[PDB]
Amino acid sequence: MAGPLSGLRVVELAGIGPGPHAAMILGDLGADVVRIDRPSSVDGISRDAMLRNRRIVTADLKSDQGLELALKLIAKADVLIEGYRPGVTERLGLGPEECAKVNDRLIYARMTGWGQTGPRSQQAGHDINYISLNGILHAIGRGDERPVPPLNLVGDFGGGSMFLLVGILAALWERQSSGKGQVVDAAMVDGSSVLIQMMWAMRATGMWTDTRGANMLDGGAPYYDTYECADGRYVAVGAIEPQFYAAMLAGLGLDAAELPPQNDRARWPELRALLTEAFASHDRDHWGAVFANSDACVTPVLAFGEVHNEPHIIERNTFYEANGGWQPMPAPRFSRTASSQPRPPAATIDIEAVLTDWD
């Protein structure tokens, strides 16, 4: 098995969202990932490409057979991932304390939104709920309209799975000294807060307000936003640095002497109007050619369906093909122990065959 996480052994109690995203990445980078699903689901070879780099096993954890078999895998493994409400693994008998008695080396990785304790710890929820509570959602969208969710990028993955991964991998580094595993409490409401630490920093020094659509990076600056082109398609402008902004103006055919200053906020209405008219006068692909190889920080806003035809995407193999759809190649990349193409989801396996192979 290729990649820097070769040899690493992982048990994943099937959940949804962050939990599997974490497990995917571990798999992506070489880990040996065993996913225990309930039998009352699972029905053929799985259609979710998120379950790549996986051995799947069926096992009723309610039965005593299930519990014990599960408990054998955990013994022989480096990491457990579960993303159920607090108390669930306990009441199954797969809790931390039960695991620490068949394997004090275990990294016990707990993926929630709200955390292991406190008032909301038992409430159901999704990405949008966790980011609603910590100020993040309120900051996303245009100022005249209600917040718009940034898909489930910021809560599930960015501030969820990714911190689960860091916690796991930081705990493995710790286990090189002490010789003992530990419990990783990854909560989306907390990870996503660290994810947005920049804004908390800027907020402190007067450089970010709570007004949506009126900051440097939320779309309120005319030089950090998208623009509609002649064809109804869009470009992105991120020309924050004055040298890049100048390069942009020259490409647009606008003379700096006719525009307000870039950072005179009181005149952002005029500036935006000027730039809006400029970008609207030609189509996206025009602006794409004009600015390629430029530091003007203008790029086409591609739809998923067009990503596969973008040269820079093609040449770095950011994507690969797999069953009438492209999928991202693993990330990040490693010089010596490179990852492989992910293996597609693998038809179920007996939990016995695995306990054998593991020896």
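The numbering used is simple: start at 1 and walk along the sequence shown.
In none of the other PDB entries of this protein that model the residues around it does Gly305 lack coordinates, well short of a third. Compared with the other entries of this protein, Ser41 is frequently left unbuilt, missing from a third or more of those that build its neighbours. When 210-218 is weighed against 179-187, 179-187 comes out higher, by mean CA B-factor as recorded in the entry. Annotation for 9-17 versus 343-351: the higher mean temperature factor (C-alpha) is found in 343-351.
Per the PDB entry, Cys99 shows the highest C-alpha temperature factor of the residues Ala247, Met202, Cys99, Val148. Annotation for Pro328, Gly27, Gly325, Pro311: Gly325 ranks highest, by Cα B-factor.
Split the chain's modelled residues into thirds by C-alpha temperature factor. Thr318 is in the middle one. In the deposited entry, the Cα temperature factor of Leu169 places it in the middle third of its chain's modelled residues.
When the modelled residues of the chain are ordered by C-alpha B-factor, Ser193 sits in the lowest third.
Annotation for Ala256: CA B-factor lies in the middle third of the chain's modelled residues. Residue-level temperature factors show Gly93 in the highest third of its chain, judged at the C-alpha atom.
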